[PDB]
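Q: One structure coming up, written as structure tokens, with questions to follow.
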Amino acid sequence: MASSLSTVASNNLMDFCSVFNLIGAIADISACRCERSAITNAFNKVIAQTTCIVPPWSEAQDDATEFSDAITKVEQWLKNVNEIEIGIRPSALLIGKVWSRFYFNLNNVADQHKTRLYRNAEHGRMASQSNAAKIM
Amino acid sequence: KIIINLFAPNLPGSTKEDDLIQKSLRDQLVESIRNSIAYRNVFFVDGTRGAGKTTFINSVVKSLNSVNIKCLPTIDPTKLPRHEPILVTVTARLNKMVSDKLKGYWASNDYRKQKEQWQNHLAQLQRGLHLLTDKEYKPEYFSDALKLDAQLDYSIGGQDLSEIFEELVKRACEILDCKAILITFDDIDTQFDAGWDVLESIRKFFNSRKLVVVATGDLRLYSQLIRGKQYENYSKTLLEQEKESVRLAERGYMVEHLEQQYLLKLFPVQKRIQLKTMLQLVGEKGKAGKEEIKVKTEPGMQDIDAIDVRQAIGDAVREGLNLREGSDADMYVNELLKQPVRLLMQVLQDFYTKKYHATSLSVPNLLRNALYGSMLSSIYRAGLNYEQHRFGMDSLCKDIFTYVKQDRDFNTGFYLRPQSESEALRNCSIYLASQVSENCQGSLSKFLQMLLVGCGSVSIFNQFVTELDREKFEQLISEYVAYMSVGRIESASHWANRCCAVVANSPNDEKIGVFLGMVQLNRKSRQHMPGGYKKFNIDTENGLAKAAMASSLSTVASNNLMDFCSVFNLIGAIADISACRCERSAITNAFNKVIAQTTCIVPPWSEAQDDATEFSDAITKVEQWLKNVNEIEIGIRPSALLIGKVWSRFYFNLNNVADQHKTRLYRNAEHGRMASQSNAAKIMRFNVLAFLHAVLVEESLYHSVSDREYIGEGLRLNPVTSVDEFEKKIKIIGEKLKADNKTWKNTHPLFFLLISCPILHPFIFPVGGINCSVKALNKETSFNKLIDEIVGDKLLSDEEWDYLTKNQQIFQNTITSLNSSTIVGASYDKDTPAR
Amino acid sequence: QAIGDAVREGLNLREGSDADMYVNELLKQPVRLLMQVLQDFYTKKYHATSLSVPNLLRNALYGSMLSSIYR
Ligand SMILES: Nc1ncnc2c1ncn2[C@@H]1O[C@H](COP(=O)(O)OP(=O)(O)OP(=O)(O)O)[C@@H](O)[C@H]1O
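Chains as they are written, first to last, in our numbering: chain A, 3 to 138; chain B, 5 to 839; chain C, 5 to 75.
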């Protein structure tokens, strides 16, 4: 979530969590693939080095062992992926198409779960109750 | 193997058999023409501007010089007399080698007959040459076309110079006992208008089978030449009468559709070859090298120790910019490889020649001179300062402002990232980074000025003045640069004294008198104030507290004089005290440089012990600090990315503090001990910490004196409310440096010097800003001893620190009364909610 | 089938409308432009076989409709 946790620097500190930054996280891990630096620095790329301002056109315990533990999991991920990722071949059509599948899925999920919040929906077990975690 | 000698003219005439950068293409093309003639036939090499064309096209002729093909000397369309048919110069060149053949062989019976046959066609061609130059038809010449010659067969009547030249070359081949004649052209980059006659003649007269043509030029430039000649066919009246966009669209398509196929008639697609750029030959870091290149950096070296080309640029980029070894340094060398070979070689030739000459002493100084001449054209296009001896931080800070407006990016503009769209801005970005690391090198006072007035002047305009169609935005920059005087700054403190006025004219919700990095101490007394709150008074403090408080002040005249407490002034003041050590009283003047003659004005864009030795002890502490910095000023090697990265962290960290500690004033701010309590002095303690914490993260992350960082694998944040996370960063770094057996000076020169400045000492531990709780002390007590570890001697007396922990004694290095001061608009009404 | 082996693997397409449309859009091209892009394949791929097949197509296309890029 830390990578997805983006803070908009303005007159008020506004913070957002988005699925795109999850997409934008994995899409950059495989770029370097080595040196144990880009992958480690990927976990902190918006904390203080990305302060987006609203556009002018608008109207406005120890974490030491757990940090090195989490890094090797994506290092575990890369060596298993690299043994098959060459045999697959995409193209123009069937890569734009899946985005339309993805883009419309986001719209429907956001629209439906927008009004599915209640005072007792936190970790709600009802098929209709929803919270912030249910959106994600 | 390629060995490039940098101490060589590198001209096309001074090439060798091993110094050729491109050899596979030279060899590969040679057999292709031979196989074509073994059993139109117009070749075409395609070359990026500066790839290497005239040198390359000379090598292929050399290969064909030693089936048998005879090659004519290379002809340059640019270096030819104007108003001269190109059929003439080919015939004249052809005649020379044929006339050399006739007087060569020994037999006389054939020579007397062969010469007569050769001259029969020359006279035929000469009398028919008037068609190429005449502007109008002569009715007399009709009787000349009707007259048929003898002994020669012409399948087509008339003049028809196409067959006459075709018959001429056929007889020219018999005398030269060859299979075909090689005609080679040259590039027309210098004047591409002259290249129109080349294309016109090739498609008309060189249509035989024993002629092979090898053109050369820039393909993207030929298209603009042909398209211009297509429009000349349309009648000018039609081109004006029918201006409808519906007709204009189809007219433009027809022109494009015509010359697209026209170029295919001249140069077939399968015949076109390209010259690979400098990048496509060596290859990137990840992939293997196709054809490696080794260069001779120093003169008179053995061929064994020849350095690679990438290491020959990393020797300059990494060292000339003081940029640490990493992927970011690879950004520049990758961009430099994509540049044309002619530009890249001249940059490499000049830098290494001067470095050897200097050795027989500043590396960035030698690189800056090389970059100035190379991209002088892009400097003039962008309008940057270009006078040689007017260099300095005053000009450089103006230069970086011009670049940002051109790039239209206020977020990463001061990073100087070569990622712009226009080629001119990319050249300016790399050039500016060279100048940033030249003046800033080996100086602390120069470093802060670049950070404060150079980088800072862009961020302030982005958020507070830009929000005030682009034509109106244009004059705002014009008067803003005049107001704050980016072109010429009298003192770093005066910029901060002007920075506050710029940002003060931007109110906020509920009009709390706290701003980005500053608070507004009330200059008067409001009736019936609760608790011990009162009006701020400088005379309450003593010793270093008054001196530190004197620097951190600024006033603005806005029909009622407003007082300001600032962090920017403290940053600027240090950049002035650390300027020159040759005088003692200068630092005393720096203490009260602005406190007396401020008289600041609202910007146009906005409508509205003994007193003899009172500071004697303060001067000694500052004077001792002068010896410490002056012995370390050599070590510091700031880069063009370090300063940009430091400021960005500062901007986010400082923006958070000024926002969270805004509603946290609930009548119990005075004598604050719990983290929820927050008074005016609490904000100022954190802002100074926000400056030093921002330096700590980026100093280790990016610096030329450290190969690897010592922060370690771990998430980083900013101390908005809690100093605990800032405490562990120093503790962890202290552990790592101990294992490597390294000191503090030779690893973090910036952090060590700032933390030892006597001026910043009192603001770290104020009276009313220190957090005191059950767990607040736990982190703070280690933090207090951690700061003592960095400095050689003890920071403060133990008893003084004890009083701050619990809740009379005089404080020399601690502010005593800023905590109780009020804030304009901060009407103390609510109460602290506790649970 | 001589354009089928030119788009299906040149553009990484399977048997379908897109592969058949691209043959049609390579058929609406003038015969002069159809030869050169087609000739570039079998001439170059014979040298390769004595791969970068989709890149080999882009090599042929670059010299095929180069001028329309400027529009
Ligand atoms: N073998 C080589 N080694 C190093 N640099 C070379 C080599 N061959 C060419 N160069 C570089 O290319 C330059 C030659 O220019 P180039 O061959 O691109 O001709 P041009 O300027 O386009 O042609 P012209 O002047 O005939 O119109 C040299 O000055 C040098 O900078």
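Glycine included, each C-beta is placed from N, C-alpha and C at the ideal position.
1. How about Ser-102 (chain A): is its C-beta nearer than 8 Å to some C-beta of chain C?
2. Would you call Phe-18 (chain A) buried or exposed, if buried means 16 or more other Cβ atoms sit within 10 Å of its Cβ?
3. In whole angstroms, what separates the C-alpha of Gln-524 (chain B) from that of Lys-99 (chain A)?
4. From B:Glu-587, B:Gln-439 and B:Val-485, pick the residue whose C-alpha is nearest to that of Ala-374 (chain B); which is it?
5. Checking 8 Å against the spacing of the C-beta atoms, do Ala-685 (chain B) and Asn-823 (chain B) come in under that value?
6. Quick one: Cα of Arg-314 (chain B) to Cα of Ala-333 (chain B), how far?
7. Which chain B residues sit within Cβ distance under 7 Å of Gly-14 (chain C)?
8. Roughly how many angstroms lie between the CA atoms of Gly-51 (chain B) and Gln-664 (chain B), to the nearest whole one?
9. Helix, strand or coil for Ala-44 (chain A) per DSSP?
10. Can residue 840 (chain B) and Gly-132 (chain B) be called in contact, C-beta distance under 8 Å?
11. Would you check if the distance between the CB atom of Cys-182 (chain B) and the CB atom of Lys-100 (chain B) is smaller than 8 Å?
12. Flag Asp-23 (chain B) as yes when its Cβ comes closer than 7 Å to any non-hydrogen atom of ligand 1, and as no otherwise.
13. Closer than 7 Å: is that where the CB of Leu-15 (chain B) sits relative to any heavy atom of ligand 1?
14. In whole angstroms, what separates the C-alpha of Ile-581 (chain B) from that of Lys-597 (chain B)?
15. Flag this pair as touching only if the segment 342-358 of chain B and the segment 276-283 of chain B have three or more C-beta atom pairs under 8 Å; answer yes or no.
16. Does the Cβ of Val-56 (chain A) lie closer than 7 Å to at least one heavy atom of ligand 1?
17. What are the start and end residues of each continuous beta strand (DSSP E) run of 3 or more residues lying completely inside the segment 347-386 of chain B, in chain order?
18. Could you tell me if the beta carbon of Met-349 (chain B) falls within a distance shorter than 7 Å of some heavy atom in ligand 1?
19. Between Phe-468 (chain B) and chain A, is the shortest Cβ-Cβ distance under 8 Å, so that the two count as touching?
20. Looking at C-alpha atoms only, which residue of A:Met-138, A:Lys-81, A:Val-111 and A:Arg-38 is the closest neighbour of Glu-713 (chain B)?
21. Could you please give me the residues that DSSP links to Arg-276 (chain B) through a beta bridge?
22. To the nearest angstrom, how far is it from the Cα of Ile-7 (chain C) to the Cα of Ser-68 (chain C)?
23. Nearest-angstrom Cα distance between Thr-624 (chain B) and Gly-738 (chain B)?
24. Would you identify the three-state DSSP class for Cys-604 (chain B), choosing helix, strand or coil?
25. Considering only residues of the same chain and omitting the five flanking positions on each side of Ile-774 (chain B), which have a CB-CB separation below 6 Å?
26. Any chance the segment 537-547 of chain B sits against the segment 484-496 of chain B, with 3 or more Cβ pairs inside 8 Å?
27. Ligand 1 heavy atoms versus the CB of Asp-193 (chain B): any closer than 7 Å?
28. Given that a residue counts as buried once 16 or more other Cβ atoms are within 10 Å of its Cβ, and exposed if not, what is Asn-39 (chain B)?
29. When the Cα of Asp-806 (chain B) is compared with those of B:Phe-654, B:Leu-68 and B:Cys-776, which residue comes out closest?
30. Contact between the segment 318-328 of chain B and the segment 25-39 of chain B: three or more CB pairs below 8 Å?
31. Can you tell me whether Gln-479 (chain B) is buried or exposed, with buried defined as 16 or more other CB within 10 angstroms of its CB?
32. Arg-346 (chain B): beta carbon under 7 Å from a heavy atom of ligand 1?
33. Should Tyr-46 (chain C) be flagged as near chain B, meaning a C-beta pair shorter than 8 Å?
34. Find out if the Cβ-Cβ distance for the pair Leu-91 (chain B), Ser-205 (chain B) is shorter than 8 Å.
35. What does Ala-66 (chain A) reach in chain B if we use C-beta pairs closer than 9 Å?
36. Quick one: grab the DSSP three-state call for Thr-58 (chain B).
A: According to the structure shown:
1. Stepping through the first sequence from its first residue, residue 102 (chain A) is reached at position 100. No, its Cβ sits nowhere closer than 8 Å to a Cβ of chain C.
2. Here residue 18 (chain A) corresponds to residue number 16 of the first sequence, with the count starting at 1. When all chains shown are included, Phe-18 (chain A) counts as exposed.
3. Taking the first residue of the second sequence as 1, we reach residue 524 (chain B) at position 520. Taking the first residue of the first sequence as 1, we reach residue 99 (chain A) at position 97. Rounded to whole angstroms, the separation of the alpha carbons of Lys-99 (chain A) and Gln-524 (chain B) is 57 Å.
4. Within the second sequence, numbered from 1, the residue matching residue 374 (chain B) stands at position 370. Residue B:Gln-439 holds the alpha-carbon nearest to the alpha-carbon of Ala-374 (chain B) among B:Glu-587, B:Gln-439 and B:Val-485.
5. Mapped onto the second sequence, residue 685 (chain B) falls at position 681. Mapped onto the second sequence, residue 823 (chain B) falls at position 819. Taking C-beta atoms as the reference points, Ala-685 (chain B) and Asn-823 (chain B) count as a pair closer than 8 Å.
6. Walking along the second sequence from the start, residue 314 (chain B) turns up at place 310. Walking along the second sequence from the start, residue 333 (chain B) turns up at place 329. Their backbone Cα atoms lie some 12 Å apart in a straight line.
7. Position 10 of the third sequence, counted from the start, is the residue given in the question as residue 14 (chain C). Here the premise fails: no neighbours, minimum Cβ distance about 16 Å.
8. As a first step, residue 51 (chain B) must be located in the second sequence, where it is residue number 47. As a first step, residue 664 (chain B) must be located in the second sequence, where it is residue number 660. Using only the alpha carbons, I get a separation of about 60 Å.
9. Along the first sequence, one-based indexing puts residue 44 (chain A) at 42. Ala-44 (chain A): helix per DSSP, three-state reduction.
10. Here chain B comprises residues numbered 5 to 839, so residue 840 (chain B) is not present and cannot be evaluated.
11. Within the second sequence, the letter at position 178 stands for residue 182 (chain B). Within the second sequence, the letter at position 96 stands for residue 100 (chain B). Not in contact: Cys-182 (chain B) and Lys-100 (chain B) (Cβ atoms no closer than 8 Å).
12. Looking up residue 23 (chain B) in the second sequence gives position 19. Within the cutoff, so yes.
13. By 1-based counting over the second sequence, the position of residue 15 (chain B) is 11. Answer for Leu-15 (chain B): yes, Cβ within range of ligand 1.
14. Walking along the second sequence from the start, residue 581 (chain B) turns up at place 577. Walking along the second sequence from the start, residue 597 (chain B) turns up at place 593. Approximately 11 Å between the Cα atoms of the pair.
15. Yes, the segment 342-358 of chain B is in contact with the segment 276-283 of chain B.
16. As a first step, residue 56 (chain A) is located in the first sequence; it is residue number 54 there, counting from the start. Because no heavy atom of ligand 1 lies under 7 Å away, the Cβ of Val-56 (chain A) does not count as near it: no.
17. Within the segment 347-386 of chain B, complete beta strand (DSSP E) segments of at least 3 residues are not found at all.
18. Your numbering for residue 349 (chain B) matches position 345 in the second sequence. With a cutoff of 7 Å, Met-349 (chain B) counts as near ligand 1, since its C-beta is closer than that to a heavy atom of the ligand.
19. The count along the second sequence starts at 1 and reaches residue 468 (chain B) at position 464. Chain A contact via Cβ: absent.
20. The residue given as residue 713 (chain B) occupies position 709 in the second sequence. It is A:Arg-38 whose Cα lies nearest to the Cα of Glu-713 (chain B).
21. In the second sequence, the residue the question calls residue 276 (chain B) occupies position 272. Note: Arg-276 (chain B) sits in a beta bridge opposite B:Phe-48.
22. Residue 7 (chain C) sits at position 3 when you count from the first residue of the third sequence. Residue 68 (chain C) sits at position 64 when you count from the first residue of the third sequence. C-alpha separation (whole angstroms): 15 Å.
23. Along the second sequence, read from residue 1 onward, the residue named residue 624 (chain B) stands at position 620. Along the second sequence, read from residue 1 onward, the residue named residue 738 (chain B) stands at position 734. Cα to Cα, the separation comes out at about 29 Å.
24. Residue numbering aside, residue 604 (chain B) sits at position 600 when the second sequence is read from its first letter. Residue state, collapsed to three classes: strand.
25. Position 770 of the second sequence, counting from 1, holds the residue named residue 774 (chain B). Once the five neighbours on either side are set aside, the close Cβ partners of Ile-774 (chain B) are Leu-808.
26. Contact check between the segment 537-547 of chain B and the segment 484-496 of chain B: fewer than three CB pairs, one atom from each, fall below 8 Å, which does not count as touching.
27. What you label residue 193 (chain B) is simply residue 189 of the second sequence in a count that begins at 1. Result yes, Cβ under 7 Å from ligand 1.
28. Here the question's residue 39 (chain B) lines up with position 35 in the second sequence. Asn-39 (chain B) is exposed by the Cβ-count criterion.
29. The residue you call residue 806 (chain B) lines up with position 802 of the second sequence. The option with the nearest alpha carbon to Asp-806 (chain B) is B:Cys-776.
30. With a cut-off of 8 Å, the segment 25-39 of chain B and the segment 318-328 of chain B do not count as touching, because too few Cβ pairs lie within range.
31. Taking the first residue of the second sequence as 1, we reach residue 479 (chain B) at position 475. Flag for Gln-479 (chain B) reads exposed.
32. Counting from 1 along the second sequence, the entry for residue 346 (chain B) is found at position 342. Under cutoff, so the answer is yes.
33. Indexing the third sequence from 1 puts residue 46 (chain C) at position 42. No, no contact with chain B.
34. What you label residue 91 (chain B) is simply residue 87 of the second sequence in a count that begins at 1. What you label residue 205 (chain B) is simply residue 201 of the second sequence in a count that begins at 1. Their beta carbons are under 8 Å apart, which means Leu-91 (chain B) touches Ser-205 (chain B) by this criterion.
35. As a first step, residue 66 (chain A) is located in the first sequence; it is residue number 64 there, counting from the start. By Cβ distance, chain B contributes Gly-716, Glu-717, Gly-718 and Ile-736.
36. To locate residue 58 (chain B), count along the second sequence from 1; it is residue 54. Three-state DSSP puts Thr-58 (chain B) in a helix.
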